[PDB]
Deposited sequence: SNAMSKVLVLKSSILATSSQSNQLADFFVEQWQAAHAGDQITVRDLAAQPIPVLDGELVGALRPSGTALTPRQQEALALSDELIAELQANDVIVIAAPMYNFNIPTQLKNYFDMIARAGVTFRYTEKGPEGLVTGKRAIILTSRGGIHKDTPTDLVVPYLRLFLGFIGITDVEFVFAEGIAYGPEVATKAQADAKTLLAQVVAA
């Protein structure tokens, strides 16, 4: 009866990032609290995700595929399988020029595929990544905090409805301890 937690780091400042510091503290805290849980950490900056281009869009089509497109498609299936395998989804999404980091944006463009991560129904589109609890490490800032509706909308589209946002500005680590203890 273990839980699998996926942690997604996207900051480009590496160990210098406050978001990555809070993500690592989150890993240590969850490992201490639930010694049996299995934690997977993917760094989207250290190992980047390719940019969504026309050839990538061709590779991710529901329907001939070049070697490049086969590699890209294989990577997309890897990310989707890893995402569906984990019960808790921790996403570190700091704000770069009023948007999420490009790395995480590539991740999103590679995990959003019709018929795999969502489907069309007579009642409308519905997501297929079900039963996930998502926690978002983000910053807090005519509002400029448009990242929250974007992440809630995107994640909800692929079926991740249960999304909690924790904002960072000591106090943030007490909040993350409350999240891990919940």
Hey, which stretches of the deposited sequence didn't make it into the model?
1-2, 66-67, 146-150, 179-191
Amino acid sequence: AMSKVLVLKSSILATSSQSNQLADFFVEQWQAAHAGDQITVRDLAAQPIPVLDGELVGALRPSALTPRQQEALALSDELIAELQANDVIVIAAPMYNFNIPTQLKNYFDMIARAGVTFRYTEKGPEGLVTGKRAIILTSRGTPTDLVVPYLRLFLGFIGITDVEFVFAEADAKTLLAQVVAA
From here on, numbers count along this sequence of modelled residues.
Selected stretch [higher average CA B-factor]: 106-114 or 88-96
88-96
Hey, which bit's got the bigger mean C-alpha B factor in the entry, 154-162 or 7-15?
7-15
At the C-alpha atoms, which of 70, 63, 40, 130 reaches the highest B-factor in this entry?
63
Split into thirds by Cα B-factor across the chain's modelled residues, where does residue 35 land: lowest, middle or highest?
highest
Lowest, middle or highest third: which one holds residue 51 when the chain's residues are ordered by CA B-factor from the entry?
lowest
What third of its chain, lowest, middle or highest, does the C-alpha temperature factor of residue 148 fall into?
middle
